[PDB]
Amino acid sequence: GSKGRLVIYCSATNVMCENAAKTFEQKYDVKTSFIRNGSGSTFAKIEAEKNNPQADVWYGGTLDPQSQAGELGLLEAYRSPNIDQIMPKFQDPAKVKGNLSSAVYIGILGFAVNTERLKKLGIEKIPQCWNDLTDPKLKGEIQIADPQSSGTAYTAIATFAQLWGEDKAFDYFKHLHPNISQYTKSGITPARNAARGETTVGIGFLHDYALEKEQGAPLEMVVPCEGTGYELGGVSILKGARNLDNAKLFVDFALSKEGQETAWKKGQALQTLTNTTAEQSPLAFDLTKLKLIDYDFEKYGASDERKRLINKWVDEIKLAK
């Protein structure tokens, strides 16, 4: 009873990806496989493969590189009927309109603190603001990912540019740098290392920290006092997808009540869902309760900002010097 196939480039966590693929395969009899890689890493792969695309759909990870892929003609437009159920402000959020990319979840940018480690290091108060993370007492005690690979890291750079302006954002990263022990390849690695007690502060998306906390890690999550940004998780069909009808079916599924709910019910992924008919995890953040910027996906999900800010970060924040 096999009904074709589907290849997914996934940029969410392995557990979320595997659950989505298995659930889709069992529901629709589509032989479904995925390859997981960072949001930025996946963008580069898709761009390199554009003359002979090797996947059908790009699922999860942050919207900005999917929006950039749309701008560059790497995607195939498709508006799912399930867009009707998506939070109106997020129905068609990318730079090029027409649902070349669609929003499947929301992740809040912030940081979390291993409180056992903070204590075991002699620091009395938990950082509450982005500003607090440049405190010299945190030298070598913070981790964040590298935006060459990680969507999360780019969401942070773009958030900081939107909060403070680009110049002061790069001032901030200059001051944050001495406190970073490791720039990680994956967005989620600071959460894992903070949970493990290998680092004291991780910067990333708070739902990853919430999952670690739910599993017993001594973490305190912080929505920084100045305000913060967020990812939209993206789903996009690749231009030249060999399995186009099945790709459209997967976009429908990813935007559906069932497909989104299964992320937190079975896929160990606690992002806030964009489908207004879906039940949220009790652990999901509620956007109406948070000090969030109006994150400009049209502006930051574009080559000018993504190439320019990432190359600027590489040049100044870690190379020289």
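Numbers for residues come from their place in the sequence shown, where the first is 1.
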Stretch with higher mean Cα temperature factor, 92-100 vs 170-178, is 170-178
Of 74-82 vs 112-120, the stretch with the larger average CA B-factor in the entry is 112-120
From the entry's CA B-factor values, the highest among 284, 269, 57, 287 is 287
Among 152, 215, 246, 159, the highest C-alpha B-factor in the PDB entry belongs to 215
Chain-relative C-alpha B factor for residue 311 (record values, thirds): the highest
Of the three thirds of the chain ranked by Cα temperature factor, residue 63 occupies the lowest
For residue 32, the third of its chain by CA B-factor is the highest
Residue 273: C-alpha B-factor third of its chain, per the entry, is the lowest
Among the modelled residues of its chain, the C-alpha B-factor of residue 229 falls in the third labelled lowest
